[PDB]
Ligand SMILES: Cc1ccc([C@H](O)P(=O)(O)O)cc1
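Listed next as structure tokens is one chain, alone, in the form solved without the named molecule.
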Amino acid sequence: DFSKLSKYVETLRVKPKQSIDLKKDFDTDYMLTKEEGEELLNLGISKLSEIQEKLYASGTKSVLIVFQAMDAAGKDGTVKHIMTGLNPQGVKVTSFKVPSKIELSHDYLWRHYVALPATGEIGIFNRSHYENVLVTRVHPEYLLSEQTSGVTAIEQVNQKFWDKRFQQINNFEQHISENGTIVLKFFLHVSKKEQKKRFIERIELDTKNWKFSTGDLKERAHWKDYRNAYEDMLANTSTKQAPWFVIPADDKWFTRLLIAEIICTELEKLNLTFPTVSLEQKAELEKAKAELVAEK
């Protein structure tokens, strides 16, 4: 069961006042066996599905879950594994890609605001608004195609620009959080060494190499720039109301376990329950059964 897991999970939450060194302080691989994790993961997925059903039936809340990671951290597989357990009618996964021409004619939050979950729904942001302080920070020339960014030469970008953005993001998440949205953000943290192992494995297998983009190496070459961006992001946009969690990503079964456990534990704070049947509704059910029974 969950005895020690419960305490370890709490260490993964980024506290608001905390400073962040991903190299030193957050292990990309870490208590239980893999066999035990797999069975515990299957309970977590079943509980999450019961929570989803209660949320959908009478929740006064919506749920927004964010995933961000470096390439080959296992994001896509984690998202998939979570979905397989859940009902499609109350859960929507939006995978955010390079902005379209229309999206670039709007502020960088617009396409995310558009996709927010409705009351009783779980929205999964597979990549998110945080892209606007990650890939665009490493590659500030993308800011030049953003008609709304106010950036005409990359020389203009400095720490005040990112600070301003952290303030906008926090104000956005605070607003939706004050209007019924439970927001959970996950950073899947893969080591450089494990990323290389996975890249090479994908290059060598005909079942995956048709899918491999050699562009991923170019982003790996910016590892330190990405690390700086993640650290600054985590240090400034984790709040008690909208927390970040840093999840070790080098063992995939453990990644998934941790995320399922954290989502269940956080949503259990809502004290959701299934609707109950009043005496009046009980009489109606019984009258319906009597009618079926009386049928010619």
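Residue indices: 1-based, along the sequence shown.
Only in words, not in the display: the form deposited with the named molecule bound, which the text now covers.
Figure note: of the listed segments 117-125, 156-164, 171-179, 194-202, the one touching the named molecule in the entry with it bound, with heavy atoms no more than 4.5 Å away, is 194-202.
In terms of contact with the named molecule in the entry with it bound, the residue from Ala72, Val183, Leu86, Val151 that brings a heavy atom within 4.5 Å is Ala72. Residue in contact with the named molecule in the entry with it bound (any heavy atom within 4.5 Å), chosen from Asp107, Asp76, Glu141, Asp225: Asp76.
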